[PDB]
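Some notes on the structure that comes next.
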Amino acid sequence: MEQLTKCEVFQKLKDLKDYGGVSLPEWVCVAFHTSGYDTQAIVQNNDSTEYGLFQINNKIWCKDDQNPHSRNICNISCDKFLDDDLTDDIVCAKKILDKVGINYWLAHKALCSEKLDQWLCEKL
Ligand SMILES: [Ca+2]
């Protein structure tokens with residue numbers, strides 16, 4: 001499935017550090033919580049399909065073959081969230097945080113806004 005390690009994720013999400021006030025360790029927690037670090041995760045939801053590490057949906061954020069009617073706010077093909085380069089994923093994730101907040105990923109922010117030191121890559 002191509003799952004990354006916590007340390008790889010910590011290095012790859014660098015550009016999200018403190019964005020919107022969300023610390024890097026919290027972003028790593030969000031990633032593990034939503035996809036378990038699987039960059040190729042695709043999940044069928046109630047009214048949409050979610051793609052990649054950040055599980056971005058094809059109803060509002062990206063466009064895929066299933067829903068050509070996507071508002072495509074991130075202006076990108078969803079399959080672009082299934083590869084190993086997290087750069088476009090991150091650009092779209094910032095747009096999601098900006099528009100709908102951390103609740104896109106967390107039922108409750110407390111899930112990842114606590115005991116943050118466990119999300120820091122020790123070998124860094
Ligand atoms: Ca990508």
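We count residues from 1, following the sequence as given. Computed over heavy atoms, backbone and side chain alike; hydrogens, waters and symmetry mates excluded.
- Using a 4.5 Å cut-off on side-chain heavy atoms (C-beta onward), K99 and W61 make contact.
- Side-chain N or O atoms of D64 include one that pairs as donor or acceptor with a backbone N or O of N67 at under 3.5 Å.
- Counted by atom type alone, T34 and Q55 present zero donor-acceptor pairs between their side chains at under 3.5 Å.
- Side-chain contact annotation: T87 with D85, donor-acceptor N/O pair under 3.5 Å present.
- The only member of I96, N72, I73 that meets side-chain contact (heavy atoms from CB on, under 4.5 Å) when paired with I60 is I73.
- Salt bridge present: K6 and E122 bring a charged side-chain N and a carboxylate O closer than 4.0 Å.
- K17 places no side-chain N or O within donor-acceptor distance of the main-chain N or O of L24, the cut-off being under 3.5 Å.
- Side chain of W27 to main chain of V22: a donor-acceptor pair is present (N/O by atom type, distance under 3.5 Å, no hydrogens or angles).
- Going from atom CG of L97 over to atom CG of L16 covers 9.0 Å, rounded to the nearest 0.5 Å.
- Note on ring orientation: taking the six-membered ring where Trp is involved, the planes of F32 and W119 are tilted (angle from 30° to 60°).
- The stretch residues 31-66 participates, sequence neighbours left out, in these disulfide (SG to SG under 2.5 Å) pairs: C62-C78.
- Checking side-chain atoms of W105 against main-chain N and O of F54 turns up a donor-acceptor pair under 3.5 Å.
- Under the side-chain contact (heavy atoms from CB on, under 4.5 Å) criterion, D88 pairs with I76, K80, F81, not counting sequence neighbours.
- Side-chain contact annotation: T5 with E8, donor-acceptor N/O pair under 3.5 Å present.
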